[PDB]
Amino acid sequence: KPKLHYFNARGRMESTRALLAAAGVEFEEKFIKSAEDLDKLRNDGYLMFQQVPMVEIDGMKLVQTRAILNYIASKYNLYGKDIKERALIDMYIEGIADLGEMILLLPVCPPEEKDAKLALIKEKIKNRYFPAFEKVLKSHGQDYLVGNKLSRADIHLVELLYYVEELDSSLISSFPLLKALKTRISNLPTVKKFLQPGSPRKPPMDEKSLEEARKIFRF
């Protein structure tokens, strides 16, 4: 069983949790609670650049989010059939990541910039990203983004749509193919089970999770 080192929160670990779950892979979590808990991992030599996420899998101590996901994805045949496929898959998920990152960091944002940035994210969603993934689906009219078959692109995209729904339920409304993907994916039995209460799925980060984060990561 792979073993995930992170604090109890979404952060930069959630796309790994959701991709393990979708692959039907069972896993352990070791939760950092304090800054003493992080420093213990550092000291023990466990963290290449002294940072989490880290995952123990197949005898490596794999740090860096993209290093973790690229590996999980090949292992479980969620990374396409060849390097042209990987290429489309990579173009899509990096664009997802780019929006992902704007959402992820919105609460560590200085208070006086908060309104501006939320506004910009919504416009980007409406004008940049959703039209881009709607035009891919419409292009081929298939059930999956790439290769008429399940990949990490579907998993990362649908994950992200849940996060946008929590922001504004109106945003997706003029994107019918995006809605239809959301449903179909959320109905795959492994994804359905992750979305169910009681799973490892993590909630949005409230104020006191943010505070525990400033404590442990010292920002």
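Don't overthink the numbering: it's just position in the shown sequence, from 1.
Taking only CA atoms, the mean B-factor in the PDB entry is higher for 107 to 115 than for the other of 89 to 97 and 107 to 115. The stretch with the higher mean CA B factor, choosing between 46 to 54 and 159 to 167, is 46 to 54. Considering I68, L178, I185, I32 together, the PDB entry gives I32 the largest C-alpha B factor. Ranked by Cα temperature factor within the chain, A153 sits in the lowest third according to the deposited record.
Residue-level temperature factors show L19 in the lowest third of its chain, judged at the C-alpha atom.
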